[PDB]
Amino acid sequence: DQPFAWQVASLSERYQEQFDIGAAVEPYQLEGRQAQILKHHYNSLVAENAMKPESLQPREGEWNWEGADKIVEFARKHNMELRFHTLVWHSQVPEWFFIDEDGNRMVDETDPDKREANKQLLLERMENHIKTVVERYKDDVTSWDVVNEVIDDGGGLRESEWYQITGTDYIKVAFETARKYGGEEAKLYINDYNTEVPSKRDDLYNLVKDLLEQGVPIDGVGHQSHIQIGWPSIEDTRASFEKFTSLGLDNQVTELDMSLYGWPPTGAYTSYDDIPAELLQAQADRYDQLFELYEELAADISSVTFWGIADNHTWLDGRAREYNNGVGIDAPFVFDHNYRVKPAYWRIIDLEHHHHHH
C-alpha cells in the first residue's frame, strides 16, 4: 500500500531550482485533502475554469468574479505563483461577443463595410475584457495565457469566430492590450496543445516569429502537454521546446496530464480497480523520461503545471465518457484517486545525474 500524498517529499521543493510545479484547480477544491496536497507539492496554481471568458463575463457587463477571486486569495495566502487561463479562446467564450448591436451574428455578415465595423466592435469588446481582467488581477498573476489554441490541427490558423471576423488582428491586439495594462513585467504566453506535432509546431513558430517581427509582445509558448503513455515522443517534445527557445521565448508546460489511453480514448476502464498495475508502471516510466527531459531543458522552462491534482478530478474522465457511451475513468497524475502516490510519483521525485536519450 502506497503512502498518501501528504506523507511524501514535496514535488515543488524537488524542482525549486529548475521550474515551478503547478496544478489546475476549482474553487471547491481549496479545502480538505486537496488543499493540503496543493500547499505541500505545488508552488503555482491556475484556474481550471473560473477565469475563462464565459466564466468571467457570461453576459456583457455581468462580471462573475467570485470563483476566480477565491483562487487568487488562496494563492495570496499560501504564497503561490498564479497563471491566468485564459484571456481569449474559441471555446468557453460567451456568444454575445460575436453578435452585433442589431442582434445579428457577425460571422453571417455579407456587407463589406459592416464586416469592418463588426471587426472593430469585436476587437473593442476583447480589449475591454482584457483591460478589465488585467487591471483587477495584474498584481497577482505572473504568467498570462493571452490566446489559446489559435493554430488549426489541419494546418494554418484556426478558423474560429475570432479569425473569421478579425483575421489575425485579435491575436496582435490581445497581446498588445495585455502588455499595455499588465506592464512590461507581465509575462504573456500563447498556449496550445500538440505543440510537439512537427507540422503544428512549425505553424505556431511561423505565426509567433511573424508577430515578434511586427513588435507584438509575446514572452513565451505554453505547451498544454495533453499527452499519452505512447505519444508524443520525448524527441519531438525536445525539438518543439528548442525551436521556441531559438526565438528567445520562454517555455511553460501548462496543462500536463498523461492519459492511460490513446486518442480517442476508446476502451476505457470503468473502475480504478480495473486498471492493470503494468499500465501505471508504463505511465511511471514515461513520466520519468518526461521530467528528465524537462531537467535537461530546465534553463528553457520556467514552470510545469499539471491539469489537476489527483486522479479523482480530471477532464480526462469526461473525455473517456464521451467516447465510451457515458462511462469510463482516466488516471493521469502521480497521485491516485484515493490521494495515494503512484509509481510515477517515485520516478519523478528521485534525483538522476546522467540523463539518457536517443
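So that there is no doubt, residue numbering starts at 1 and follows the sequence shown.
10-18 versus 330-338: which one carries the higher mean Cα B factor per the record?
Mean CA B-factor is higher for 10-18.
Taking only the CA atoms, which stretch has the higher mean B-factor in the record, 216-224 or 114-122?
Comparing averages over the C-alpha atoms only gives 114-122.
Can you tell me which of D300, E48, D317, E31 has the maximum CA B-factor listed in the PDB entry?
The C-alpha B-factor peaks, among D300, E48, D317, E31, at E31.
Which has the highest CA B-factor per the PDB entry: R201, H129, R83, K180?
Of the candidates given, the C-alpha B-factor peaks at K180.
Which third, lowest, middle or highest, does the CA B-factor of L280 fall in along this chain?
Highest third, going by the recorded CA B-factors of the chain.
Give the position of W96 by CA B-factor within its chain, expressed as the lowest, middle or highest third.
For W96, whose C-alpha B-factor we compare with every modelled residue in the chain, the answer is the middle third.
Can you tell me whether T266 has a C-alpha B-factor in the lowest, middle or highest third compared with the other modelled residues of the same chain?
For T266, whose C-alpha B-factor we compare with every modelled residue in the chain, the answer is the highest third.
Looking at the entry's B-factor column for C-alpha atoms only, identify whether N312 ranks in the lowest, middle or highest third of its chain.
Middle third by C-alpha B-factor.
Ranked by Cα temperature factor within the chain, is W65 in the lowest third, the middle third or the highest third?
For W65, whose C-alpha B-factor we compare with every modelled residue in the chain, the answer is the middle third.
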